[PDB]
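Below, chains carry the letters A, B, ... as their sequence lines are ordered, and counting in each starts from 1. Below, each value reflects all heavy atoms present in this structure, side chains not excepted, and no hydrogens, waters or symmetry copies.
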Amino acid sequence: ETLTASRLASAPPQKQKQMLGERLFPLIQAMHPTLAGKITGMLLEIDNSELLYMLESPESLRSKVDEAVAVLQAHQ
Amino acid sequence: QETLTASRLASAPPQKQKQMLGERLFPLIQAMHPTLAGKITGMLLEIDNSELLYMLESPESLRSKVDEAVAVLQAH
Amino acid sequence: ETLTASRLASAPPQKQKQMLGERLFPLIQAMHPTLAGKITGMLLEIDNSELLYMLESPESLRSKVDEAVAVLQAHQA
Amino acid sequence: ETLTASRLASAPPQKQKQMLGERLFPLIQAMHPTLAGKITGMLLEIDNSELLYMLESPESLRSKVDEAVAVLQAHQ
Ligand SMILES: [Cl-]
Ligand SMILES: [Cl-]
């Protein structure tokens, strides 16, 4: 099944970030499997509507994953 | 598209009822308030199924409930 | 314990609405024991920062509970 | 009190993130009050030694906050 905005809106607010995480994790894992768990947790801070867009836009998710990777990188 | 009824919804599990009502409500709410659509939909899905079925056939009533939900979401 | 914005921010995003719900429910139940579960669920749609303010301000919580009660009220024919 | 690496190291791992969060949050809130909670949660995924450096380097905290803000920025 594909997570729609109506299906997410129908779920209790307590379960929405969990549901988005479950779908985000395999996609992030297909790009950067080593930091996927950490990156997933970070990207879950993004508003739910933007996360639903990212679940359907591979290049938008890619650029956010790359931005999260840069956030984790320590100073030179 | 079929008219949803209280008896037809009562036959399905409670979360499935909310999903069915949510699928009809979300596109209409998004047409009014696209930014808060997901939040408004989630909120309005707490209303009794019979009142929700009325609102799905009464654009005037849906709009006033959406405006009431928007007031609830407004910060102080 | 009182839920601070820093304590909520340190929790995983998957747990934040659940944590806010656990704090909101007893307070809502105290002024509206009837549809407390529904009101809590509705108010959890509000942004987390505004919910943290509402947990500290009884003023804003009561008015939001009253507004939620109005949303639940069925139309008069 | 000033948070030293030895003081942080003496506490359990999750207690360490909460302690760093308590120091990071007011500084991040001063910069971006609306996104403070989200930015703090995301920056807490960074290694504790790099977080302690950022708490003592206002310029490096600012550049990390800006990177986190870009991660949160919606496509529209
Ligand atoms: Cl809007
Ligand atoms: Cl801000």
Side-chain angles (χ1 to χ4, degrees), chain A residues 2-3 8 16-75, chain C residues 6 8-16 48, chain D residues 3 5 8-9 13-14 16-25 27-32 34-75:
Chain A
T2 280
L3 184 61
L8 187 78
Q16 292 171 350
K17 293 291 187 188
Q18 185 56 53
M19 285 178 80
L20 289 159
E22 285 165 342
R23 313 299 202 105
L24 224 58
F25 181 77
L27 294 174
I28 297 171
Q29 197 190 207
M31 295 165 189
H32 291 282
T34 302
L35 298 162
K38 230 178 225 302
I39 296 164
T40 299
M42 300 166 85
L43 297 195
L44 282 172
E45 298 292 353
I46 297 167
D47 279 327
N48 288 357
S49 335
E50 184 57 27
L51 282 174
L52 289 158
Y53 169 84
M54 286 160 56
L55 282 173
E56 289 301 275
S57 179
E59 286 331 291
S60 285
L61 174 59
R62 190 170 319 282
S63 61
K64 292 301 181 193
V65 167
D66 289 349
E67 281 173 343
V69 169
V71 175
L72 292 166
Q73 193 52 55
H75 77 283
Chain C
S6 53
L8 186 78
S10 79
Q14 295 93 325
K15 304 293 148 238
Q16 292 172 347
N48 289 356
Chain D
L3 187 59
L8 186 83
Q14 188 42 47
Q16 289 188 52
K17 293 296 186 185
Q18 275 166 249
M19 290 180 299
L20 289 161
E22 285 178 281
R23 313 291 190 116
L24 283 165
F25 185 81
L27 297 171
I28 295 172
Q29 187 179 227
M31 302 183 194
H32 295 272
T34 302
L35 303 171
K38 295 173 182 183
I39 301 166
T40 302
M42 192 191 310
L43 297 194
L44 283 170
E45 296 288 354
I46 296 166
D47 292 296
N48 288 355
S49 62
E50 186 55 32
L51 285 176
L52 288 158
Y53 171 78
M54 280 151 56
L55 283 169
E56 287 299 279
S57 174
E59 330 283 295
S60 78
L61 172 61
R62 172 152 277 289
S63 63
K64 287 292 178 186
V65 166
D66 289 347
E67 283 186 297
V69 166
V71 173
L72 291 168
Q73 180 194 37
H75 65 278

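Here the closest heavy-atom approach between residue A:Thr2 and residue A:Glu56 is recorded as CG2-OE2, 4.0 Å. Closest of all the heavy-atom pairs between C:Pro13 and A:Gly41 is CG-O, 3.5 Å. The two residues D:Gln14 and C:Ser10 make their nearest non-hydrogen contact at NE2-O, 3.7 Å. What you find for D:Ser60 and D:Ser63 is that their closest heavy atoms are O-OG, 3.0 Å. When all heavy atoms of A:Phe25 and A:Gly37 are compared, the closest pair comes out as CE1-N, 3.6 Å.
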Audit row: D:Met31, D:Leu61, side chain to side chain contact (heavy atoms under 4.5 Å, CB included) steps and yes/no: CA-CA 10 Å; D:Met31 302 183 194; D:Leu61 172 61; 3.9 Å; yes
Open item on the list: For D:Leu27 and D:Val65: C-alpha separation, side-chain torsions, deciding distance, then whether side chain to side chain contact (heavy atoms under 4.5 Å, CB included) applies.
Closed with: CA-CA 10 Å; D:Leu27 297 171; D:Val65 166; over 6 Å; no
- How far apart are the C-alpha atoms of D:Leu44 and D:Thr40, what are their side-chain angles, what is the distance that settles it, and do they pass the side chain to side chain contact (heavy atoms under 4.5 Å, CB included) test? CA-CA 6 Å; D:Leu44 283 170; D:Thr40 302; 4.1 Å; yes
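When the options D:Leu3, D:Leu52, D:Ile28 are evaluated for a side-chain contact (heavy atoms from CB on, under 4.5 Å) with D:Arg23, the one that passes is D:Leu3.
Taking CD from A:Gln73 and CD from D:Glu50, the interatomic distance works out to 8.5 Å, rounded to the nearest 0.5 Å. In this structure, D:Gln29 CD and D:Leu35 CG are separated by 11.5 Å, a value rounded to the nearest 0.5 Å. Distance check: A:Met19 CE to A:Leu24 CG gives 13.0 Å after rounding to the nearest 0.5 Å. In this structure, CG in A:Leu72 is found 11.0 Å from NE2 in A:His32, a value given to the nearest 0.5 Å.
D:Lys64 places a side-chain N or O within 3.5 Å of a backbone atom of A:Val71 that can act as its donor or acceptor partner. Here the side chain of A:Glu45 pairs no donor or acceptor atom with the backbone of D:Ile39 at under 3.5 angstrom.
For the pair A:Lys17 and C:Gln16, the minimum side-chain heavy-atom distance is 4.5 Å or more. Contact check for A:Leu43 versus A:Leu20: no side-chain heavy atoms found under the 4.5 Å cut-off.
Judged purely by distance below 3.5 Å, without hydrogens or angles, the side chains of D:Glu22 and D:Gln18 never pair a donor atom with an acceptor atom.
A salt bridge links A:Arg62 with A:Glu59: the closest approach of a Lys/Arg side-chain nitrogen to an acidic carboxylate oxygen falls below 4.0 angstrom.
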